[PDB]
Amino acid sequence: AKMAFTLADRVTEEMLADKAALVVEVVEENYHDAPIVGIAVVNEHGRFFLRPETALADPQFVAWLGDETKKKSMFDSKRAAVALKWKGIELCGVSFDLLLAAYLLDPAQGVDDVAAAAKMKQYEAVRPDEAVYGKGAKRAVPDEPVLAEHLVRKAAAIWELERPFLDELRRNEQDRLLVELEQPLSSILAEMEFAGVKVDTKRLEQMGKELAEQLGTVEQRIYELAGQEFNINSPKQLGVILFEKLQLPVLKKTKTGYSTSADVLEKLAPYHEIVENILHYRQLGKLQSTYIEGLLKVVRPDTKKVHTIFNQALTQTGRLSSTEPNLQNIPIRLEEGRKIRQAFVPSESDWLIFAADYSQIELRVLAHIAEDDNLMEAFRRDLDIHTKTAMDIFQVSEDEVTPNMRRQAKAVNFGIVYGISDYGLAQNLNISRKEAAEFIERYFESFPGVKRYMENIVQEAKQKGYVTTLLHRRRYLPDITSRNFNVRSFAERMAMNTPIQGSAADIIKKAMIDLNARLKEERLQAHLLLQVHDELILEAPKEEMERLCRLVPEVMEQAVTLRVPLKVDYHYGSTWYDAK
């Protein structure tokens, strides 16, 4: 059953045809400055395996790789593109990426290797990467014979599956989504990841020392209030101290003991001083372990930069995710944590950080898709949406809206985007289901368009079996027909939320593509560093700030045309912290 191929000792013309399935294997999960263990090429002339040191040293092969007119079909082209960037080699002409194709066809399949993608089309003549390389620590690159056949089988699968995948994407009206959106975006994310973000390690270490002292102080205070020393991080021990020694009320338990989540502690705070200290300890410990020590662990010792990897084929809604490190969840909500951002600085002298963010893109998207007259008018007047929602549901004028009213109206708006339910809103606001139901009823009386939309999208999910986004991203919801209330409700909330969060993802992704095109046309040095769901962070010479202030918001606001305007705010400064 073995697959025939040529284990070449050198590159030949036959291997450089204008169309081929290409495999540039990088086994390390984190591909930054990582080894390329082998190369496979499958084209009209046959199947070939090439040793990396050989192929990458061949001028003809390198030229072929960078020739945009020589088309390549691959799986996870970003991985190869980045690994090649670290070697100073440009990869061009990728016309088809099987990973992105599989992802668009069905995000829920969780495709993360050629074998999983091929299985979708009943093609199984290729092994899963885990089977070949192993997992965790027992992982390793096989001997050449085994490695070579595997890479060739992967290239062969890609060669065979391109057409079937493209045909189905076409039937789904997702052909442009792959070719004009996700694939071009992949190249942009590759540049962003490769550029990396500079870190002021001296700043982080200083913060780490100050946090260590404060943690010591709070730690001693906790032992003092508990009447003894114990492992504050030990659930078993903390549980005994709080709910047994100190007799605090037990409101929530886990599959092993008592729950001490912030949500629980906040309600226990009034009963004992030790609680606020535990919450504070939690806050500092989180910053220290995850954002100081953790971050320092992945900073490149030579350049002092961090190179995240944006997983473009993971989320069920079309969003990106970020890892090692995750640069999409750096603190900002609480001032003490926000300081962490002072450690993220420009990569060059006299450059600055520029951040642009969409204002209420999810609710604006909702106004558009639901075609709700009241909601669309609200955004056309660029009103404070939470104050406006409070005015409508509580039947009062703007001057009569109290802070508590805006807060609750805001919670209602979050629930609306998440997939509203009386139980969900009730838990969030700490009110009764009946009271929550009333808020929801009032909301729908004021936004009948949204109500009709939520009713219709759930019905559509049942009829078609999936929901879609503005640019035709898809998410199947088989549980929408479940006869189990909890299971079905999960699916219903997904039907309501996915088109909103997903369309917002579509919009910013297109904005990124449009932005890079504009930056190149203007030959600006400014470039993207990060994307945080509804915001874009760039760095650029101080001399380019004025032009960026006009260019970035415009490009983001014009990415797509909706029934309501899109609004973008922006800030810039010496550090990410200051870009506010």
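Note that the rigid core is defined as the largest set of C-alphas that superpose within 1.5 Å between two forms. Start at 1 and count along the sequence shown; that's the residue number.
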**OP:** Quick one: core-superposed, which stretch strays further from the shown model in 8 other deposited structures of this protein, 327-335 or 456-464? Go by RMS C-alpha distance.
**Re:** 327-335
Original post:
Which of the two stretches, 168-176 or 246-254, moves more in 8 other deposited structures of this protein when the core is held fixed, judged by C-alpha RMS distance?
Top reply: 246-254
Original post:
Would 347-355 or 277-285 have the larger average of its C-alpha temperature factors, as given in the entry?
Top reply: 277-285
Original post:
Do the C-alpha atoms of 290-298 or of 178-186 have the higher average B factor in the entry?
Top reply: 290-298
Original post:
Going by the entry, which of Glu266, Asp479, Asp97, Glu168 has the most elevated CA B factor?
Top reply: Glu266
Subject >> Among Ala195, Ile369, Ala491, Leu211 - the residue whose C-alpha B-factor is largest in the record >> reply: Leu211
Original post:
Looking at the C-alpha B-factor of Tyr466, is it in the lowest, middle or highest third of its chain?
Top reply: lowest
**OP:** Relative to the other modelled residues of the same chain, rank the CA B-factor of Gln531 and answer lowest, middle or highest third.
**Re:** lowest
**OP:** Would you mind ranking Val27 by its C-alpha B-factor against the rest of the chain and naming the third, lowest, middle or highest?
**Re:** middle
Original post:
According to the PDB entry, is the CA B factor of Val37 in the bottom, middle or top third of its chain, that is, lowest, middle or highest?
Top reply: middle
**OP:** Quick one: classify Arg473 as lowest, middle or highest third of the chain based on its Cα B-factor.
**Re:** lowest
